[PDB]
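Below you will find one chain, with nothing else, as structure tokens; this is the form deposited in one PDB entry, and questions on how it binds or moves follow later.
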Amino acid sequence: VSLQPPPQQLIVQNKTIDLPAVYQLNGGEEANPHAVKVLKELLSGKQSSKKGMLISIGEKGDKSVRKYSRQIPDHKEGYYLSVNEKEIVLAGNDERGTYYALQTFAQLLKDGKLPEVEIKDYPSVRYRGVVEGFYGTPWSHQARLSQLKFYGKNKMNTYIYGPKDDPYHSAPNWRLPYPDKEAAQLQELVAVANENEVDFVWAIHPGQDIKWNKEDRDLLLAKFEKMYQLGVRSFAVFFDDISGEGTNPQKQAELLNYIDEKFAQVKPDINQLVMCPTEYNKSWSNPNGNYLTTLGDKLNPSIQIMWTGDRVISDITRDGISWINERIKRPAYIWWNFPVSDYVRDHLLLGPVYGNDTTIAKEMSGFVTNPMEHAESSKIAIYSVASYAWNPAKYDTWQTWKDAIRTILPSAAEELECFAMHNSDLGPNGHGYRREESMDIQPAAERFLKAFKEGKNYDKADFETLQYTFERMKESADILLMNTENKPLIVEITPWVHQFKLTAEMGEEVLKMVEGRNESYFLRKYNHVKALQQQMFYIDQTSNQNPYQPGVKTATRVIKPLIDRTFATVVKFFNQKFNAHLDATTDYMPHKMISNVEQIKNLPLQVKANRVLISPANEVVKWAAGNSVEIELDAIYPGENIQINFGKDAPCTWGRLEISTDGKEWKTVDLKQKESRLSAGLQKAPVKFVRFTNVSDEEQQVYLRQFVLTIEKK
């Protein structure tokens, strides 16, 4: 909170110094000009004189800091920083070290005053930064310019450019030079990266269609030469998430070594050469171990090999990094898949960075984070990874999280903390990765509520905590929506902020239902909750409409389940007490589904874009002779298709699929095998009802893997 990342060595005195009114600057002409520019901005409108306070800036060896050469740590990007009443020393082991001394100096400066301090500092991990490596909308040019400035402040020296959906990076145009517009933007990003002491690493992802021939080898080197002409001085080749011949480890190694020997080692000034393997995590690695040992043994040793840990999404352990390092014969260059949300695109991941061993710096060549498509939102994790990677031995997860939020939005830090504390879990996903959320209120929640489902009074304080939490959520939502200090951050999170405010309002009303003294008041709160459920549906259908995980989920771990369970319970109790028939459903769904199949009838419908689907069942479905499922839409729509998967990859001989506009006249629609599932085209036929009946004489055992109606788009 004093300093981020925290220095390796810091000795502070209880004496403070004034940023001097008058200063003699020694070394300004010879020290790293990027560092000298930061110094001059910090000394703006102070007197530069041949007899003021001495400020010494330089790299080790420079006349200006010869005197302190014994104090400068002998580590790449290391520096010595000194403030006393006599003078200030800003001494890099190298040019980047001098820049980093200034990034520390800048944080020490509190309202014209400096602490009396001795700092010897350097990074524990050699390469630290970000891989823009996710699926989805690449970062905007303005977002990237903002990222590079943020990296320089937090001593991250690496930006690996590799957005999966950039067609000049991957499938299908990796062979083509960037068009003039994009090329000019990349040239500007490279110049800005250099000015912030960041290595811009341009990656290529050629594996899905690469031929192991001269034509494609030359086009890959020609593309690298064009990027070099734009100023790029670090390069990567990625072979992740591909199939086919491009997965051949001997050919991958031969290509990387060719690039090394004919390009990387021939230019005077290429820094990093990095490759991402096809087997990039332990789980998806073939047990013969031959893929990874082939790379380890054949790839030139200066070449970096990236690794995501024990699974596609995982935290880095001592055992896990030892496992990879033994096979690739060098320290892994970690690709950490957090806070990347490209497989949970309906969630923001704004929680702290944790889970990575703090003792394994010597076992890694580098550590980069793959972030969200929300660039500013990712700064919380990026700031935290910068801190971890520079000084893992002192890494303080929770304080660093707070420091990041206070850095990103000083004007509304407590509101951003409130929002982030309840927007940190991923929810259930195919990669199995979860994070903690709402941990502080969870105990007051669990027993305000296991009690309610059974027992007694529950406690005036597990009610004031939940009421307080909803009140704080609304304050935070409304202040964040109107915040003008980081407009790009507010644009990213706004849809979630809307949903978060509605969650908090629904909670306040549901608690008013629990407090409910008379029937009339209770019905008013009930009707209000039903309206808030509808509003949350409409935000979910109109916000963040991507093809994969459309819509907006928030406060999913603890708060939404507490509110939904408490509403369903208080409604059950009202129905019992007043012999009423109030609907206890917690998610608004305008369409209806009925079944006499035990394992289907309680599955909720979901709307995703122009799809209306039955939530897939985990359990074996027992489908009796004559039993059926029927969907009723809220209106007649033109139909596109129906897709069904029963887990058989075979024709469905026993089932009759029908559509209707009135649920009186039915038209049979023929299911055809398609891509291992069943599909029936509807050819724009009007549909309001969909019905599937077991017309055989026998019970059928299936899984409800998929049951989806697609209707004509708005």
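The numbering used is simple: start at 1 and walk along the sequence shown. For clarity, a rigid core is taken as the largest C-alpha set superposing within 1.5 Å between two forms.
This next part talks about the form deposited in another entry, which is not shown.
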query	finding
Position that moves between this form and the one not shown after core superposition, taken from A625, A580, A222, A191, with Cα shift of 2 Å or more	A625
Core-superposed comparison between this form and the one not shown, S69 Cα displacement 2 Å or beyond	no
Rigid core superposed: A21 CA moves 2 Å or more between this form and the one not shown	no
Cα displacement of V702 between this form and the one not shown reaching 2 Å, rigid core superposed	yes
